[PDB]
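Trainee: here is the sequence, then the experimental structure:
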Amino acid sequence: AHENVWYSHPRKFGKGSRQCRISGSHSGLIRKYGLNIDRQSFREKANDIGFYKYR
Amino acid sequence: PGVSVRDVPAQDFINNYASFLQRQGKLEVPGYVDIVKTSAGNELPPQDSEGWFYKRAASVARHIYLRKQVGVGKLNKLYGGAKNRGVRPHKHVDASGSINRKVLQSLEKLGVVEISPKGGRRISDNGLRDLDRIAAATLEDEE
Amino acid sequence: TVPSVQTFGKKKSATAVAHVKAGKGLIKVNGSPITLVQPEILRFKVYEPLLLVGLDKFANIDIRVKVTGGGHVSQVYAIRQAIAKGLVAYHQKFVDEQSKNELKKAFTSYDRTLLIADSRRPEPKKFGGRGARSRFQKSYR
Amino acid sequence: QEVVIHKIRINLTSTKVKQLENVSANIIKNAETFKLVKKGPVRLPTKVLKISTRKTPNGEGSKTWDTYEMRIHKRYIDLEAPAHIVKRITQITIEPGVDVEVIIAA
Amino acid sequence: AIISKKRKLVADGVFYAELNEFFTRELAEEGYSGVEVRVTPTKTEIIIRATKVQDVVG
Amino acid sequence: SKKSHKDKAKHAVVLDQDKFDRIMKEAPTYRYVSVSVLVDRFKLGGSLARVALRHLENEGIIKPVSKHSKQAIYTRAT
Amino acid sequence: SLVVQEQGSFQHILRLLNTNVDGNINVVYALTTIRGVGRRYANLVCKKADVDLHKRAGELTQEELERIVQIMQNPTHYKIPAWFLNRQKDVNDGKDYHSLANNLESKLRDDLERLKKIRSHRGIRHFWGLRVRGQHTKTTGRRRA
Amino acid sequence: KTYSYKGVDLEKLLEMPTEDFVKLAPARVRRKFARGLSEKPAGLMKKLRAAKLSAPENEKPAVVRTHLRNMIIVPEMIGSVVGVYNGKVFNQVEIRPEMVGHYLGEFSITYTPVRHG
RNA sequence: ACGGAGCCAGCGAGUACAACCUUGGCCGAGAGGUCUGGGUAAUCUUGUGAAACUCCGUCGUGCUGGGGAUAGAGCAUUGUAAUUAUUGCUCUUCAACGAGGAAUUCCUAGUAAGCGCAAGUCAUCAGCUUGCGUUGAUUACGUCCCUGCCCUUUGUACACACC
Ligand SMILES: [Mg+2]
Ligand SMILES: [Mg+2]
Ligand SMILES: [Mg+2]
Ligand SMILES: [Mg+2]
Ligand SMILES: [Mg+2]
Ligand SMILES: [Mg+2]
Ligand SMILES: [Mg+2]
Ligand SMILES: [Mg+2]
Ligand SMILES: [Mg+2]
Ligand SMILES: [Mg+2]
Ligand SMILES: [Mg+2]
Ligand SMILES: [Mg+2]
Ligand SMILES: [Mg+2]
């Protein structure tokens, strides 16, 4: 785990640059308006957030 | 009585104004004409190999007269249609920027287009007078 | 002040606002005279109120129409409605009742949309279909 | 010695209506109570914040989506009004949900 | 702090979700019911509605 | 691909003198004239169909009814 | 507007750069029928030679053919830009050329056998006859014909 | 005919700097080298010059194994034997004068050819 | 189809502890580059001057100026990194394709269909999806014939229920 090599790969962008903020997962993320919550957790917490099914 | 370019059909006005600008020796054409697509969307140069630049200048001058003021990239959005992207769906492709820039500078030299404070270019009093004069020329040409 | 009113006419997403004044028989759309409506094959559509009523009905009336939104033919129908409704509203406001009812009889007996805005408008799309009411293909095997 | 009018501006936000409209109405009533000149609670187009989301967490099942949304209403107000009464108005009559912001613009 | 108003409201909602889930994790033994986030010009009051109020206070 | 059409040149790509007297002789007596009508008689390729059709508006050999693009509608001068 | 076009001089077949070309097509689209020349390049070449665009290839005169041919073999002499050329920067000698009927296919073949000898993955893919530009081949090109 | 790259002959090709080749190089290599370089290609350069020096002047120099596939073959490289990582094997490749302009990856086929039937 | 000219929307989205939407002015033929200026948004991009469409011409039934796949060379952009072509642009080769068998899918009014734009994926990449609008119809306004569904009556040796 030489600090020069450990976790040395850049992560400024791409699929794995950002996480779920709920689950830490990199799949099915919602980046709209900086929500950064994946889709399923968004469906779970939408009403608390302020999002409602309306039409 | 009085007549403005709004009182004349468009296509006839562009045709006559292009003819008048071609007749007089002013409005120098860039040396790179005859070689240019005029847009990335297009796939051939204009069919009218010489004189099409005069028509483009005529249309541009009419457009600046009609609108508030227009820059170059906005003309790029205006001209240029759909590119046949091979086997992909067509999209909108902006026209060539150099051609419209050269049109705008040439119209500046003729004095028909003035740099506007709000950005872009608007019409000038001398050029607008010329525009209505040629509109009258076309209108009394019709009958 | 000059007797003047403002009316409007709509299509799917088109909207023509027409100001009618006691003028000299002056009909402009977007600052251009009516004879140069662009699609040039629906031009008779926009003369329709003129010829149905007769130009002499409004010879000292001037027309100014600003039409925005919607595609070409939607704009054209918007101007049609704007001109017709402006004529009717002006006649009601400042001319007489009988003239207005005569105009309405001449109009509504021909293309009822001339005074009544169309109610048909696009249907929202739905998931599972590339159209508003269409659907995707099924595999089945 | 604050006689200089600040031509101040009060703008609002919310995800709900009745409390936002109530706050705006109280603001206007306060403004008229002390003889202030104003431009009314001008309505702004409710911005619809929309997300489409697939319902199924695992891709299996017939393709079913849903759309969640809020609406944000703004209703900004500006006053050609004195100093202290305006600030007192902004610092009073605050309802959770509706967010008040004040711009001096002087 | 300058940010788009729609993004500001979305952040406020996700912060409320933050608080609600965190309090659900923590005060579960307290018979947690709900949380309200009131924002004043100066203080961000956070009212906790729970059953065992005196134990929540500690 | 499948050349079962077996078509020939079948079109006068360049106008010849005798064909010029032909176009002029039945410039009238063709009571309706158009580009397709002109090429129907094997005597015009189709690009010069427009050329001959436009030239006939020289001494009023035929009269125009409508001069819309993509076609033409011409009748005999009477 | 129209001309009898001097019966007895309008050519019907031509041999420009050792390929037969039918002359009755429009000049540019008649020139297009030679390998390495397309509608854009032929259009520009005809434009530079001052010959009428709407003219037919079978009616233009002989020295017109020779001037056109000379123009489209050393293009950079006649103000044809560095771009717009067929083979630019020419990785054998660095001089932007324009390949023509036999030269185009021949030089493409030397480049192909260079890529074969170079043992590049692109070259071995060309040698095998498979797709080169990195597209999926599970479902495409599924018969040779 | 003898080898020239872009009018720069083979004789000039062996004795010539990287930067002049960049000027001769196509657009992709021009951007790559103009975008800055990693330390790993420099170390590869040093190791390869050492390997070329060590060889007794008459046989194929010792193969230098390397994982680097993303760097290109510069004019200082010809005369070299490198084993490019293939995923499994440091596949051998001797660097010909025609190597230049390309990368290394084209000569280490990461996938075995597929044979049906 | 290709040239010019006309010039028309509605959903959106957009930068802070980061570097987003980009106008405008200069360059370049283009992609693009550079210098400045707006916009944390009914304010600026934006009237998103979008395509289809319209007018005037070139083409003229020729796998042809249709079709643009497969390749060769070059120029740029994002990227630590682009070869197994990221993507965009310029020149060229231009293949199969002649309205597609059995069979089978969707759909009754601003609907189908054509046309594009926005948003989600996004450092770069859509031929995808979710939405939006433009032009906008033919044919029904019925039936249980095929495929099924609901209720009732009947028969059953079926109940893992006609697989
Ligand atoms: Mg156009
Ligand atoms: Mg097409
Ligand atoms: Mg549809
Ligand atoms: Mg067109
Ligand atoms: Mg709009
Ligand atoms: Mg457009
Ligand atoms: Mg072809
Ligand atoms: Mg084509
Ligand atoms: Mg289409
Ligand atoms: Mg997908
Ligand atoms: Mg039914
Ligand atoms: Mg049993
Ligand atoms: Mg059985």
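Mentor: Done, it's in. Residues are numbered from 1 along each chain as shown, chains lettered A, B, ... in the order given. Ligands and ions are numbered 1, 2, ... in the order given.

Trainee: list the buried residues for the helix or strand harbouring residue F:39?
Mentor: Following DSSP states H and E, one finds residue F:39 within helix F:35-40. For helix F:35-40, a neighbour-count test (16 or more other C-beta atoms under 10 Å in any protein chain shown) marks F:35, F:37-39 as buried. C-betas here are computed from N, CA, C, even on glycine.

Trainee: make JSON lines out of those residues and add distance to residue C:50.
Mentor: Putting those into JSON lines (distance: C-beta to C-beta, whole Å) gives the following:
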{"residue": "F:35", "distance to residue C:50": "36"}
{"residue": "F:37", "distance to residue C:50": "38"}
{"residue": "F:38", "distance to residue C:50": "40"}
{"residue": "F:39", "distance to residue C:50": "42"}
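
Trainee: just the residues you listed now: which is nearest chain E?
Mentor: Of all those, residue F:35 has the smallest distance to chain E: 59.7 Å, by C-beta to the nearest C-beta.

Trainee: what's the distance between the closest one and residue F:51?
Mentor: Using C-beta to C-beta, to the nearest Å, we find residue F:35 at a distance of 10 Å from residue F:51.

Trainee: circling back: is the helix holding residue F:39 positioned near chain G?
Mentor: No: against chain G, helix F:35-40 shows no contacts by C-beta under 8 Å from any C-beta of the partner chain, the least distance being 12.4 Å.

Trainee: so what touches that helix?
Mentor: F:11, F:30, F:44-46, F:49-50, F:52-53, F:71-72 (C-beta atoms under 8 Å, 6 or more residues apart in numbering or on different chains).

Trainee: most neighbours among those residues, please name it.
Mentor: residue F:44 (24 neighbours; other C-beta atoms under 10 Å in any protein chain shown).

Trainee: setting aside sequence neighbours, what's the nearest residue to it?
Mentor: Leaving aside its sequence neighbours, residue F:44 sits nearest to residue F:38 (C-beta to C-beta, 6 or more residues apart in numbering or on different chains; 5.0 Å).

Trainee: look up how far residue H:105 lies from that neighbour.
Mentor: 63 Å.

Trainee: name the element residue B:103 belongs to?
Mentor: helix B:97-109.

Trainee: check which residues of that helix are buried.
Mentor: Buried positions in helix B:97-109, judged by neighbour count with 16+ other C-beta under 10 Å: B:99-104, B:106-107.

Trainee: give me the residue from chain G nearest RNA strand I.
Mentor: RNA strand I sits closest to residue G:134 of chain G, with a gap of 1.8 Å, by C-beta to the nearest atom of the strand.

Trainee: no, scratch that, I was asking about chain C
Mentor: Of all residues in chain C, residue C:71 sits closest to RNA strand I, at 1.9 Å by C-beta to the nearest atom of the strand.

Trainee: check chain E too.
Mentor: residue E:5 (3.2 Å).

Trainee: please apply the same query to chain D.
Mentor: Nearest residue of chain D to RNA strand I: residue D:52, at 3.2 Å (C-beta to the nearest atom of the strand).

Trainee: quick one: contacts for that residue?
Mentor: Contacts of residue D:52 by C-beta under 8 Å, 6+ apart are D:65-67.

Trainee: mind pulling up the phi and psi values for it?
Mentor: With angles defined as degrees, to the nearest 10, residue D:52 sits at phi -90, psi 140.

Trainee: say whether RNA strand I is contacted by the helix holding residue F:39.
Mentor: Yes: Helix F:35-40 comes into contact with RNA strand I (C-beta under 7 Å from any atom of the strand), by way of F:35-36, F:39.

Trainee: can you tell me if the next helix or strand after that helix touches RNA strand I.
Mentor: Scanning forward in sequence from helix F:35-40 by DSSP H and E, the next helix or strand is helix F:47-55. Yes: Helix F:47-55 is in contact with RNA strand I by C-beta under 7 Å from any atom of the strand, via F:47, F:49-51.

Trainee: please, where are all the strands along chain B?
Mentor: In chain B, the strands defined using DSSP state E lie at B:82-83, B:91-92, B:113-115, B:121-123.

Trainee: now do the second one: distance to the chain's middle.
Mentor: Put plainly, it is strand B:91-92. Once both centres are worked out by C-alpha atoms, centre = their mean, to the nearest Å, strand B:91-92 turns out to sit 21 Å from its chain's centre.

Trainee: same deal with the third one?
Mentor: With C-alpha atoms, centre = their mean as the basis, strand B:113-115 stands 14 Å off its chain's centre.

Trainee: which of the residues in that strand are buried?
Mentor: Neighbour-count burial for strand B:113-115 flags B:113-114 (criterion: 16+ other C-beta under 10 Å).

Trainee: list the helices and strands that strand packs on?
Mentor: Helices and strands touching strand B:113-115, as assessed by 3 or more C-beta pairs under 8 Å, 6 or more residues apart in numbering or on different chains; DSSP states H and E, comprise helix B:97-109, strand B:121-123.

Trainee: adding distance to residue G:121, write these out as JSON lines.
Mentor: Compiled in JSON lines, those are given as follows (distance: least, C-beta to C-beta, whole Å):
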{"stretch": "helix B:97-109", "distance to residue G:121": "39"}
{"stretch": "strand B:121-123", "distance to residue G:121": "53"}
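
Trainee: which of these sits closest to residue G:104?
Mentor: Between residue G:104 and those, the tightest spacing by C-beta to C-beta is seen for helix B:97-109, at 30.2 Å.

Trainee: so how many other residues sit close to residue D:63?
Mentor: Using other C-beta under 10 Å, the number of residues around residue D:63 comes to 12.

Trainee: anything in stretch H:58-78 sitting right up against RNA strand I?
Mentor: Yes: where contact is defined by C-beta under 7 Å from any atom of the strand, part of stretch H:58-78 touches RNA strand I, namely H:69-70.

Trainee: check stretch C:26-45 too.
Mentor: Yes: Stretch C:26-45 lies within reach of RNA strand I by C-beta under 7 Å from any atom of the strand, at C:38-41.

Trainee: just the buried residues of the contacts of residue D:52.
Mentor: Among the contacts of residue D:52, none counts as buried (16+ other C-beta under 10 Å).

Trainee: where exactly do the helices run in the chain?
Mentor: Reading this off chain A. Along chain A, the stretches classed as helices by DSSP state H are A:39-49.

Trainee: my bad, chain H
Mentor: Remark: helices assigned in chain H by DSSP H are H:10-14, H:18-24, H:27-34, H:39-54.

Trainee: next, format those helices as CSV and append distance to residue G:64.
Mentor: Shown next, in CSV, are the helices of chain H (distance: least, C-beta to C-beta, whole Å):
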stretch, distance to residue G:64
helix H:10-14, 44
helix H:18-24, 39
helix H:27-34, 38
helix H:39-54, 56
